[PDB]
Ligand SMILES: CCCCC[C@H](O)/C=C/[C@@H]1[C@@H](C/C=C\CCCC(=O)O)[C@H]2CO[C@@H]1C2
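First, one chain by itself: the form solved without the ligand, in structure tokens.
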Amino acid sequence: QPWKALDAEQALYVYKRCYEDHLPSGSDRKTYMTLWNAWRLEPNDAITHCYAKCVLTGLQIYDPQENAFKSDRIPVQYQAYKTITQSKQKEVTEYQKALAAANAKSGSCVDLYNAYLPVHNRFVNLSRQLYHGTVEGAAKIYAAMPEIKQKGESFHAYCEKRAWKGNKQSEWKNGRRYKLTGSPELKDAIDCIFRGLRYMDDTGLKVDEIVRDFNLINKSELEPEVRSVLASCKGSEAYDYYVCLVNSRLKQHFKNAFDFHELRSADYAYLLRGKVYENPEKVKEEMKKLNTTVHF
């Protein structure tokens, strides 16, 4: 239960979710995107302050419960990958010192941005090495970590391979299905998928993430129904919730939402490319493109 370092998939998840939730859309996007993609924490405004708090929280450099910067995680993040990044121990120590000096104050977006900015300006490139913030550096981690979910591979596919590893044939051998067989392998696959989609963690179900997936297939008016189905669900395991959703009158919409998130979990950039949901047939087409030489 010491804090554990984040691998490439975990960092890439944070970066794409913080773009989704903070990057402006439309005509003002290009200025923010060009600065943030270059790891420049500019301009100094509320949009950027909340983005910075999102990235610091996701990388677990800021802990909201303690309301503190966790400078002791910097050397832990470095130790886990140091044979791949080859980052310099002396610089890692300096980054640790600098972050230990910062004051989170109230923990508000602007307090975190103001405390972190001088540290960022000094250690930005090292931080991109440590937290898999470059495409080439993260690619080395994925090469070294064939066991984590790869770019282009959906969590539903990754979890299926792990769940039916044995002598039992996969239930999804001619394609993933919504059949509720109650098998140990299915319960295992569903837990792994719900955790990869951030529907669940050790603290329990995150209803707002399932609702988010309904919003993303243009069904936001069903939010109350989603909440109601999950609130009356008995059992606490991922498979229990999946069962309630699949048996409910939301079945087809949930299938569409979970299928779109399959696509989105294989290509973490999907919504940032400007792509949106269209219909189930288009999701299938886009999934087929992932299994081609160029992957799109």
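Residues that one form lacks are left out of the comparison. Numbering starts at 1 and runs along the sequence shown. Rigid core here is just the name for the largest C-alpha set that superposes within 1.5 Å across the two forms.
If you average the C-alpha B-factors over 204 to 212 and over 176 to 184, the higher value belongs to 176 to 184.
The PDB entry records a higher mean C-alpha B factor for 167 to 175 than for its counterpart among 167 to 175 and 145 to 153. By the numbers in the PDB entry, the CA B factor is greatest at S236 among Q60, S236, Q252, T48. Per the PDB entry, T83 shows the highest C-alpha temperature factor of the residues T83, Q96, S108, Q129. When the modelled residues of the chain are ordered by their C-alpha B factor, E66 lands in the highest third. Sort the chain's modelled residues by C-alpha temperature factor and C244 lands in the highest third, per the entry. In this PDB entry, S232 carries a Cα temperature factor that places it within the highest third of its chain's modelled residues. Among all modelled residues in its chain, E9 ranks in the lowest third by Cα B-factor. Per-chain ranking of the deposited C-alpha B factor places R122 in the middle third.
Missing here is the form solved in complex with the ligand; even so, the following discussion is about that form.
Shown here without its partner, the chain carries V55, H120 and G133, all of which come within 4.5 Å of the ligand in the entry with it bound through at least one heavy atom.
With the ligand left out of view, the stretch that reaches within 4.5 Å of it through heavy atoms in the entry with it bound is, among 164 to 172, 81 to 89, 125 to 133, 180 to 188, 125 to 133.
Among residues of the shown chain, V283 is not one whose heavy atoms approach the ligand to within 4.5 Å in the entry with it bound. Contact between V246 and the ligand in the entry with it bound is not found at the 4.5 Å heavy atom cutoff. Proximity of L41 to the ligand in the entry with it bound falls within the 4.5 Å heavy atom cutoff. For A138, a non-hydrogen atom is located within 4.5 Å of the ligand in the entry with it bound, even though that partner is not displayed.
Proximity to the ligand in the entry with it bound, defined as a heavy atom within 4.5 Å, singles out one entry of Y51, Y270, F258, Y239, which is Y51. The partner is absent here, but in the entry with it bound a heavy atom of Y116, alone among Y199, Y116, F214, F155, sits within 4.5 Å of the ligand. Annotation for 1 to 40: interface residues with the ligand in the entry with it bound are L12, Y15, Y19, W36, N37, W39 [heavy atom within 4.5 Å]. Core aligned; the single run of 3 or more residues with all CA shifts at 2 Å or more between the shown form and the other one is 291 to 296.
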